[PDB]
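Trainee: Residue numbers (the UniProt record's numbering), protein chains in the order written: chain A, 1 to 142; chain X, 2 to 138, 146 to 423; chain F, 158 to 167; chain B, 14 to 583; chain V, 338 to 355; chain H, 4 to 588. One structure, as structure tokens, below. Some questions next.
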Amino acid sequence: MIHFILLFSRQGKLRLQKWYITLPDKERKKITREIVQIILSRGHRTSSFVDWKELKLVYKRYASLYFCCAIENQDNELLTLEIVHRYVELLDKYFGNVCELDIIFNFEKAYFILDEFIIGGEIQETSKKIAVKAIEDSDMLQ
Amino acid sequence: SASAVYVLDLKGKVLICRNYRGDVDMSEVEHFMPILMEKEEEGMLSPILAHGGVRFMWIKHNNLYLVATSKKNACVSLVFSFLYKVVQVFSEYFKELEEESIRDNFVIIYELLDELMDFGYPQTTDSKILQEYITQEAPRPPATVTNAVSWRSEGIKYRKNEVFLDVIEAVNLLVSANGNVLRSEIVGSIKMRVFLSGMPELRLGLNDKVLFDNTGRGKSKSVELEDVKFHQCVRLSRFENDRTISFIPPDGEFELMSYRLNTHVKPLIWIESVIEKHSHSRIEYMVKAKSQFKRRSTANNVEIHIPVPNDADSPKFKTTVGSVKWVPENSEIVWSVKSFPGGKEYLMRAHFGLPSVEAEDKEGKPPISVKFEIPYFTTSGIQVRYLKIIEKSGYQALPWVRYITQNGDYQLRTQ
Amino acid sequence: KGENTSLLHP
Amino acid sequence: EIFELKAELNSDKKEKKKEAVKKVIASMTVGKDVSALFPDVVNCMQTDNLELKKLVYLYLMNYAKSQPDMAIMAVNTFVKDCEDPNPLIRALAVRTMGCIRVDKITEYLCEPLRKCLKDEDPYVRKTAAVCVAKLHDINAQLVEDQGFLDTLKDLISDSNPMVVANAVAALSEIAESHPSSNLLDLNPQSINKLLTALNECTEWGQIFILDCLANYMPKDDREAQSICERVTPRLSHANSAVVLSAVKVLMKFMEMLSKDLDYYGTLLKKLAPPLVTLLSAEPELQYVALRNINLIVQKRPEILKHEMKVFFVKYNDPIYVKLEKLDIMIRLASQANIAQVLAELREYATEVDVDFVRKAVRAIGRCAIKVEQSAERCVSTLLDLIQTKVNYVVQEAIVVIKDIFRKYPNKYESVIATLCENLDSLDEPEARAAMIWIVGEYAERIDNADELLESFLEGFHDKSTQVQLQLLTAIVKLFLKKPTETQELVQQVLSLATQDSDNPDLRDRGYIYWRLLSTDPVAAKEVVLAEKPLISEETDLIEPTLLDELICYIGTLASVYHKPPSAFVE
Amino acid sequence: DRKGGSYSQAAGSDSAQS
Amino acid sequence: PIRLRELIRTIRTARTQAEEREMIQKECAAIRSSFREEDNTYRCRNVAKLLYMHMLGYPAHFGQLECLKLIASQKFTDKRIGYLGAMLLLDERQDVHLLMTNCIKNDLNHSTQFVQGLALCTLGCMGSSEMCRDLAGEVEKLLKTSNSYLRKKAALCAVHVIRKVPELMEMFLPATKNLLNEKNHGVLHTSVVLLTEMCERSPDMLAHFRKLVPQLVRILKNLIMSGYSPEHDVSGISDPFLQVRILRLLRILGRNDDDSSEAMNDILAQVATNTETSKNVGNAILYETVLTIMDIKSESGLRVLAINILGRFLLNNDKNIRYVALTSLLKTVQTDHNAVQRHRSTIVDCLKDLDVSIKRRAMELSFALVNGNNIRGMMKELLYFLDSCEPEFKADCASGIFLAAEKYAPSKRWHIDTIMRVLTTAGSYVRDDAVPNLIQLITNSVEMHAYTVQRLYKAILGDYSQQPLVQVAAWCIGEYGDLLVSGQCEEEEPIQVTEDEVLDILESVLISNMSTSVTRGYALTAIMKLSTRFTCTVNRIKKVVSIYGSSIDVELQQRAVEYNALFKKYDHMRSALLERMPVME
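Spelled out as structure tokens, the structure:
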């Protein structure tokens, strides 16, 4: 299960955040700042995997904005990367040429998609079209 | 002993750099930003940084920090004075201090930086004098810099000889939450805008307590200034000998003298405020302002800042005179009064809501600050006696001066 | 800018 | 881009040359490595317009160390420009020659420097004085061979007070790096001549003129009296550094003045208003002023004895100034202003800065320790702060109470009952250990000392080494004082710290305590529960040798950091 | 007129002190 | 009611941090004013603005009751906004989620599939220790339904409840029975995840869940055979998440049984060679299969295939592939330890790699691969790595070296020399906690004391700023002063120890400013013990103890006072309690 997911920009600004662990607000902010500093203080050949606080912090950003995750040391590492790629593809398909500008303005849609896709740090739908159809049906309800 | 004077920005980019000694590599500026971020995030941030054996002592400007790298045991006071002089020169030359002029006025900025300091030792700091040798829109340097008088360019001619003075008062009061005033200091400010023909030698004369005692008139209203700081034009020896304030006024507005003495009188405004803040239910602001100043004086633009709750919403104000508005940006009640006659009494009754959920952390009690500014009122009682304007050619001067009384560090501690 | 670029460019 | 810029710079049109120079300057300032085009701009150097000459000189100075080989094509241009009729052009050429960090270029610049040393133009003289110092810093041997020391010495005794100040500053900089051999010191006549031009020096020249006197050591009171009389007018300067320099000079000269004469009293009386004025400087200079006051406070504390109201920290004061304000108040704290200090500390304890709160607590504790007349007031303030129910404030109050009890525990038995139930659940090692030590040493006014130690014995084997040692000491003291209610407690502590305790120091202490208990419990009362001597408080006053040396280094980095100049320079 | 107090003319010296 | 896009543009228009804070406060003032009026029309915009401000770093404590009120509302947009606010700004420690239980129960029986799904997702994301107690009955009701879109949500809610309440797993056993035949991939994945969570929580359901191993094997075989599918097929791999879940379940099942391992042996063998690892999904599947094979009692051929796959992946230039291979090798350290020695060169080379994670994995593999025969050979490599290690890896390397020396040290003399070298080179990197372990190890060894004492004396005179090394040297001096100096009662020939340098060193350490109050205490204890251990320098440490009895430290002052009292009143009884402490494991 993913302990937390944080979408942070290259400049350090965070565009998305979803933590599955009940932590204090000050503690959560400190953890986010430390993760941003570590990711921002990492090269392009770091393997996209960091063992921070006994958590497999996987960083894989496909654009200026980077992506982060917190997976416990009990599952495979490539699974997190595959899940991140699938989520990015689903968001791009739902939005259509998703860029950084649409992420800030359309944060609610991204949060709804993440909730409908991953719940409690675990996956909810393995397919990529069923989740999109469900999201579209929920949005069309008004 | 600065090694390289550089101008940074809010994003860490160095707007402009000017090495003076070259003993420090230009790449050390990159570590200044992470060091400043670490110091600020840990509470150890200071204007004087230190990148190993190189010290980065600089101040924060309006938009960028003027950081000057140094490696040896250079005088920090000298570096601060040079930075202040550079800021003043930039303000005099450029009406705004922002990144818009740094990237647009580099042609004159580089020349000014090169001419001002050589080898880490500044030589010229007068904006008026420097404007005759470095321009953004070059002849030989003026003889004023070479001559002793480097603050009054010779040959200045005007149709009229009018000098405008400004006796600005700064009423600073530090009143504790118990109702007693701890720090009550009034700092005089004699700012004059001299506009005459030639190079007159002004002979300032006031009713100083020391001067009256020396002359034998130590029985009338005499100003007892604990600290008197004359400008560069004022001769220190003349003042030290027999309290003779003789100096050549500059061309323009400048600070000639700045008196600073303690005040033992009652506050001009007495503020009686109460906080009937219910436990997450409501709040009451029984603020009453009593003017202890003379009735003949009116405090123009009275602004008594009352710090209200940060999370307070839906507030109601029941005042008597003056418009009261709550600014969410500042999180306080702005008791704005246009005209406040002396001896007036304004009563206010605030009432605002509070959320049921308590705040996560304490916010503190900011002090209540009043912004009273009553012109034509000299609290210290110091009055200008004479101004000896002497010129070799010979002319009849028409000096002018005005007394302005305002509130300086007049903060009131909250309960 | 660098923000208007697509996350994956597909 | 690069080719187009090179073509524009290699053109015969001045309108394109100026634009190319501006673009090159902007690219270098914009962060573009334009050092590859240094040879191209070398040809377009001898220009009549001063606007392009300055930019070319700046580019060469910024591109001198990068391409020293390509800089060999500028010596002739510099020599030609060193004779221009315009003083500005000559000054710019002299400044550019000294700014070029080229080993093979400074050798040929000796002749232009010698020619411009005796320049009639004061700007030319100042430029030559600066260039001589720059060359000496770059190459001391070359400067010594050129014989510029004699010319620099004669500069101070000439006209042009700005040029004289510049020459004095250059000589001081050269002697600063010199090994003190062949110093440029002057007799009283030179000091009088410098003082004569001191009143005509500029704002920057005043510092240079006053720095020379910082090295001269007066030998007679008459000379010291004259120096003090001449430096007295410097206290009325609008410049903050000038006032600080004058104060430092007066402090240095006071080492030879006689306190019997009235000159010392007049100097002391005329210095407090200067300190008050300097305390109202900019926030950046506030830290420097506080450091200077702290350095001078430990030497002559009788000057600012009555300056206490101005030491109060303002609401908008910076953190670096707020922290120094507490230290200044503690240094100037006395029984006369004890109530004011306590009131200020009470107001400073209601803020939200954890570091500020800790600093205020430490200052209050130091003031209480220094002055025993306000011990009761400090104890009451600490009790009120503890009752304030603040975790950090509670830890600070516990630490302050523990520190006070070790120093003045004779009349500290009236607060043990209040501290008996003061939310002992705090896990701060600095507060829990202090509370345990207070309970062990003050286990007489608390009837439930054994019960309180029971809660702290649950995790004694894994709490901490210092905490475990303090708990063991408290248990031993309780057993020695009252062994009826702590007979089994002592045995349990010995078993837990001797069998289940793997700490070497802790294990040794437990074994020693067990041996003492099993050898002579009666002797343990006179051995363990003995009357310790008076605790020697850590004096905050600096050593007299460092204070005398720190007196000469005033306004520099060695004074702000409170460290010797050789312990911080690299 | 002018806010902050109208400007007033200043004397030349202490005529009562010679 | 300002729009979300307008608020985002206004926030982006702020440049300075103070200006951004002022704009945020200005917006929050209007938001609070609208909330205090009980606004219900533009409540969604206010909720979105508050959520954006909270995400941007502004407090949102006052906006807690509004989210609860909007949760029990009827508008779909308002309900979604309330659910988002509860998921973001609501947590177990908030203490305001207790009232949300009634709203969740009311929305749990809602006919709409979106409101109920949103409520279930919110409950799963913000499950509390008490909310699941009053919501367990409703969760089980939805788990037995035939709604494919709700089956996954019910499984996730049950898994979250089991994680929060491990004692509630008994109510889920009869609900998940006969649920492995779901056609939908999401339902099957949720069922597999729930079964794995139940197996990992308690072992009582392992026997009940071990009977379905043939069904899981058949499902995995069918998924592998059906390699083409429009949905769940990414990069040529069909249902990578389902395959990963199946591999994890197979690894977690039958790890200590032969029937379970034998049943899934054919599937593991087929997947170990019939999988394409060109893409990242294939590499992840291969790594999961290798981990499952290593964690289960598989056949020798499966182990050989896993070893070959790990060796092939170790040479991959991809940083992620190298990290996965290092993690697999570290996991398969105890199991197949003999076959792991073939990658010693790769492990050594990985320490010099430019990847922090790769370097850490290589160091961990080297530490875990240290045996009783390669310890001497690997000691030089470990020392070289520690000497040229990163600042954050020096302490970890020293700790690993100390652990390896204490575990499989070839000899006491070699182990002692290695520990001394680590202490001398570690400096400020050795943790203070290792000091008690080193002291215990020194006390246990009673055969090598003269050489160790001489080495400690030599290494302590040169430097004293190392707190752990200084403490170790002080403890060694206090324990073996009688052996460090032999026959030093009076003046003798010039030797390394003269009975006076040790006292001067101890006094300097006690009075040195580089003391943390722990090394000073050890030095004081050593000085006190040297009164009986050493008799040549007598009546000299008593003056220092008396002078040191007025120290600022309360504990140090008490120790000095006790030492002075013992020296001045119990001179004959001083040696009666200076016996050597017992040595234990």
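Even for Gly, the Cβ is constructed at its ideal location relative to N, Cα and C.
Using the Cβ count rule (16 or more neighbours within 10 Å means buried), how would you classify B:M175?
Mentor: Locating residue 175 of chain B in the fourth sequence gives position 162, counting from the first residue. B:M175 is buried by the Cβ-count criterion.
Trainee: Let me see if you follow: with CB-CB separation under 8 Å, is A:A63 close to chain H or not?
Mentor: Within the first sequence, the letter at position 63 stands for residue 63 of chain A. So, not an interface residue.
Trainee: Give a yes or no on whether 8 Å exceeds the smallest Cβ distance from H:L215 to chain X.
Mentor: Walking along the sixth sequence from the start, residue 215 of chain H turns up at place 212. Not an interface residue.
Trainee: Got a sec? Which residues, its chain only, sit under 7 Å from A:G120 by beta carbon, not counting five neighbours each side?
Mentor: Counting from one through the first sequence, the residue named residue 120 of chain A turns up at place 120. If we look at A:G120 and ignore the five residues flanking it on each side, its Cβ neighbours are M1 and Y20.
Trainee: Compare the C-beta of B:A182 against all C-beta atoms of chain X and say whether one is closer than 8 Å.
Mentor: Looking up residue 182 of chain B in the fourth sequence gives position 169. Taking Cβ atoms only, chain X reaches closer than 8 Å to B:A182, which makes this a yes.
Trainee: Against H:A32, what residues of chain X qualify as contacts under a CB-to-CB distance less than 7 Å, listed in chain order?
Mentor: Position 29 of the sixth sequence, counted from the first residue, corresponds to residue 32 of chain H. Per Cβ cutoff of 7 Å: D321 and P336.
Trainee: Please go through the same chain and pick out, in chain order, the residues whose beta-carbon is closer than 8 Å to the beta-carbon of B:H474, but skip the five residues on each side of it.
Mentor: Translated into the one-based positions of the fourth sequence, residue 474 of chain B becomes position 461. Within the same chain, B:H474 has close Cβ partners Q481, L509, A510, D513 and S514.
Trainee: Count the other CB atoms, across all protein chains shown, that sit within 10 Å of the CB of B:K93; report buried if there are 16 or more and exposed otherwise.
Mentor: Start at 1 with the first residue of the fourth sequence, and residue 93 of chain B comes out as number 80. The residue is exposed, with fewer than 16 neighbouring Cβ atoms inside 10 Å.
Trainee: In chain B, what lies closer than 9 Å to X:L244 by C-beta?
Mentor: The count along the second sequence starts at 1 and reaches residue 244 of chain X at position 236. Those within 9 Å of X:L244 in chain B are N212, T245, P246, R247, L248, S249 and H250.
Trainee: Starting from the C-beta of residue 3 of chain H, find all residues in its chain whose C-beta is less than 6 Å away, skip the five residues before and the five after it, and write them out in chain order.
Mentor: A query on residue 3 of chain H cannot be resolved here, the shown segment of chain H reaching from 4 to 588 and no further.
Trainee: In whole angstroms, what is the alpha-carbon distance linking A:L55 and A:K30?
Mentor: For the purposes of this step, residue 55 of chain A is taken as residue 55 along the first sequence, with counting starting at 1. For the purposes of this step, residue 30 of chain A is taken as residue 30 along the first sequence, with counting starting at 1. The straight-line gap from Cα to Cα measures roughly 16 Å.
Trainee: Between B:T245 and X:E248, is the Cβ-Cβ spacing less than 8 Å?
Mentor: Counted from its first residue, the fourth sequence places residue 245 of chain B at position 232. Counted from its first residue, the second sequence places residue 248 of chain X at position 240. The answer is yes: Cβ separation under 8 Å.
Trainee: Using only the alpha-carbon positions, how far apart do H:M134 and H:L102 sit?
Mentor: In the sixth sequence, the residue the question calls residue 134 of chain H occupies position 131. In the sixth sequence, the residue the question calls residue 102 of chain H occupies position 99. Rounded to the nearest angstrom, the two C-alpha atoms are 10 Å apart.
Trainee: In three-state terms, what does DSSP make of B:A356?
Mentor: Locating residue 356 of chain B in the fourth sequence gives position 343, counting from the first residue. The answer is helix: DSSP assigns B:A356 an H, G or I state.
Trainee: Quick one: give me the first and last residue of the alpha helix (DSSP H) that H:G285 is part of.
Mentor: As a working note, residue 285 of chain H is residue 282 in the sixth sequence. That run of the alpha helix (DSSP H) goes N283 to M297.
Trainee: Under 8 Å between the Cβ atoms of H:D242 and H:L226?
Mentor: Residue 242 of chain H sits at position 239 when you count from the first residue of the sixth sequence. Residue 226 of chain H sits at position 223 when you count from the first residue of the sixth sequence. Cβ distance < 8 Å, so H:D242 and H:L226 count as in contact.
Trainee: Classify residue 409 of chain V as buried or exposed, calling it buried when 16 or more other Cβ atoms lie within 10 Å of its own Cβ.
Mentor: Residue 409 of chain V lies beyond the residue range present for chain V, which begins at 338 and ends at 355; the question has no answer from this structure.
Trainee: Between the region 415 to 440 of chain H and chain B, which residues of the former have CB atoms less than 7 Å from a CB of the latter, in chain order?
Mentor: So the list reads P439, given in the order they occur along the chain.
Trainee: Are any of the Cβ atoms in chain X nearer than 8 Å to that of B:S293?
Mentor: By one-based count along the fourth sequence, residue 293 of chain B stands at place 280. Chain X contact via Cβ: present.
Trainee: For B:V143 versus X:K73, is the C-beta distance shorter than 8 Å?
Mentor: What you label residue 143 of chain B is simply residue 130 of the fourth sequence in a count that begins at 1. What you label residue 73 of chain X is simply residue 72 of the second sequence in a count that begins at 1. It is not a contact, given that the beta carbons lie outside the stated cut-off.
Trainee: Along the chain, where does the alpha helix (DSSP H) containing A:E100 start, and where does it finish?
Mentor: Position 100 of the first sequence, counted from the first residue, corresponds to residue 100 of chain A. Its alpha helix (DSSP H) spans residues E100 to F105.
Trainee: Secondary structure at X:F81, three-state DSSP: helix, strand or coil?
Mentor: For the purposes of this step, residue 81 of chain X is taken as the residue at position 80 of the second sequence. DSSP places X:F81 in helix when its eight states are reduced to three.
Trainee: Whole angstroms are fine: how far does the CA of B:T569 sit from the CA of H:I463?
Mentor: Counting from one through the sixth sequence, the residue named residue 463 of chain H turns up at place 460. Counting from one through the fourth sequence, the residue named residue 569 of chain B turns up at place 556. Rounded to the nearest angstrom, the two C-alpha atoms are 38 Å apart.
Trainee: Taking CB distances under 8 Å as the criterion, tell me whether B:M58 reaches chain X.
Mentor: Numbered from its first residue, the fourth sequence carries residue 58 of chain B at position 45. It does not: the Cβ of B:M58 has no partner Cβ on chain X nearer than 8 Å.
Trainee: Could you tell me which of H:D298, H:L318, H:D260 and H:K224 sits nearest to H:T278, measuring between CA atoms?
Mentor: The residue you call residue 278 of chain H lines up with position 275 of the sixth sequence. Per the Cα distances, H:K224.
Trainee: Cα separation between H:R543 and H:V564?
Mentor: Stepping through the sixth sequence from its first residue, residue 543 of chain H is reached at position 540. Stepping through the sixth sequence from its first residue, residue 564 of chain H is reached at position 561. Computed Cα separation, rounded: 16 Å.
Trainee: Going along chain V, which residues have a C-beta under 9 Å from X:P407?
Mentor: The residue given as residue 407 of chain X occupies position 399 in the second sequence. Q346, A347, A348 and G349, listed in chain order.
Trainee: With H, G and I counted as helix, E and B as strand and the rest as coil, what does DSSP make of B:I113?
Mentor: Counting from 1 along the fourth sequence, the entry for residue 113 of chain B is found at position 100. Three-state result, B:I113: coil.
Trainee: What are the residues that DSSP puts in a beta bridge with X:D250?
Mentor: The residue given as residue 250 of chain X occupies position 242 in the second sequence. Paired residue(s): none; X:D250 is not in a bridge.
Trainee: Among B:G278, B:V452, B:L484 and B:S253, which residue has its Cα nearest to the Cα of B:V289?
Mentor: Position 276 of the fourth sequence, counting from 1, holds the residue named residue 289 of chain B. The shortest C-alpha separation from B:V289 is found at B:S253.
Trainee: Just checking: is the beta-carbon of H:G552 within a distance shorter than 8 Å of some beta-carbon in chain B?
Mentor: The residue you call residue 552 of chain H lines up with position 549 of the sixth sequence. Chain B contact via Cβ: present.
Trainee: The region 34 to 58 of chain B: which residues have C-beta closer than 9 Å to a C-beta of chain X, in chain order?
Mentor: Those would be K35, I38, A39, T42, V43 and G44, in chain order.
Trainee: Counting beta carbon pairs with one atom in the region 404 to 423 of chain X and one in the region 17 to 37 of chain B, are three or more of them shorter than 8 Å?
Mentor: As far as the Cβ criterion goes, the region 17 to 37 of chain B does not touch the region 404 to 423 of chain X, which means the pair count is below three.
Trainee: Taking a cut of 8 Å between CB atoms, which residues from the region 96 to 108 of chain A lie near chain F?
Mentor: Those residues of the region 96 to 108 of chain A that come within reach of chain F (Cβ to Cβ, closer than 8 Å) are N97, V98, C99, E100 and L101.
Trainee: Rounded to a whole number of angstroms, what is the C-alpha to C-alpha distance between A:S138 and A:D115?
Mentor: Your numbering for residue 138 of chain A matches position 138 in the first sequence. Your numbering for residue 115 of chain A matches position 115 in the first sequence. Going by the C-alpha atoms only, they are around 12 Å apart.
Trainee: Name the chain H residues that come within less than 9 Å of B:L130, Cβ to Cβ?
Mentor: Numbered from 1 along the fourth sequence, position 117 holds the residue referred to as residue 130 of chain B. None at all; the shortest Cβ gap to chain H is about 50 Å.
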